[PDB]
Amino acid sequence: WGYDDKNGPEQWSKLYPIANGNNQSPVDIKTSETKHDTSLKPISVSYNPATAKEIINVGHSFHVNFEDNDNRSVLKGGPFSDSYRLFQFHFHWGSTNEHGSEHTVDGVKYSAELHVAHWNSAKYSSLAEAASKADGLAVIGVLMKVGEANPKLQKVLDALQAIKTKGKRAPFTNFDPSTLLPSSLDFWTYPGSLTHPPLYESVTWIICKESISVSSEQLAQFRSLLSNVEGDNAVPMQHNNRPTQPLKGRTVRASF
């Protein structure tokens, strides 16, 4: 279902009718209309870098998958009364620097977006179980602003040369993806979804107030990943970021 136009995000509603749904992501975050809430607690990431397993090229993006067999890597606080388990981080990016981030704040589009994904291990057995569940997934979203080169992106960008093409796997160990997060975990939260098929309406978004930085060259790496299988003609992975979607009257909550 890629991000072309043949497979691209307009074609998503055919196969996945949930695309023209009510809890679709990303969204625009209109700060004027955002109802501050104080029942919210502060977000608290406790990741353990020995959970870091693998980095894999999945054709449309690349993942960094984590060990999700126990509660060693948890997110808790925010709205969540439960304690979600970390399983993955990945990125979204765009063809040019001007766009690339999925969420937008007051119409402003960013270079890329980081997703640090979690699944509700207090209520569910597997990721596979919690994938589809309303209270299934907790994803931290960081907005990535084109400027200085982020030195905490090092290990991620280094490893990329070993997963040039779709399906390529490699061990990525000994990394806490919290080091990626901004210093201010002031956050918006809203009831969302995945941003790509199967677009499950299972995500409680945590969108960070403060941005992290990425140079144009760091973004050029993301782009010089290849969507093709090894041997085939080099088809870069140019953009993998979704249009912002109607709120249909959900209430983005501030935590600031």
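The first residue of the shown sequence is 1; numbering continues from there.
Mind pulling up the entry and telling me whether 46-54 or 225-233 has the higher mean Cα temperature factor?
Averaging CA B-factors over each stretch, the winner is 225-233.
Going by the average Cα B-factor in the PDB entry, point out whether 88-96 or 71-79 comes out higher.
Stretch with the greater average CA B-factor: 71-79.
Given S39, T204, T195, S213, the residue at which the Cα B factor reaches its maximum:
It is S39.
From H118, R169, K123, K109, residue of greatest CA B-factor
If I rank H118, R169, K123, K109 by C-alpha B-factor, first place goes to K123.
Relative to the other modelled residues in the chain, which third contains the C-alpha temperature factor of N174: lowest, middle or highest?
Answer is highest: the recorded C-alpha B-factor places it there.
Lowest, middle or highest third of the chain for the C-alpha temperature factor of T165?
CA B-factor rank for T165: middle third.
Using the B-factors in the PDB entry, rank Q11's C-alpha atom against the chain and give the third, lowest, middle or highest.
Answer is highest: the recorded C-alpha B-factor places it there.
Could you say whether, by C-alpha temperature factor, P243 belongs to the lowest, middle or highest third of its chain?
Lowest third of the chain for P243's C-alpha B-factor.
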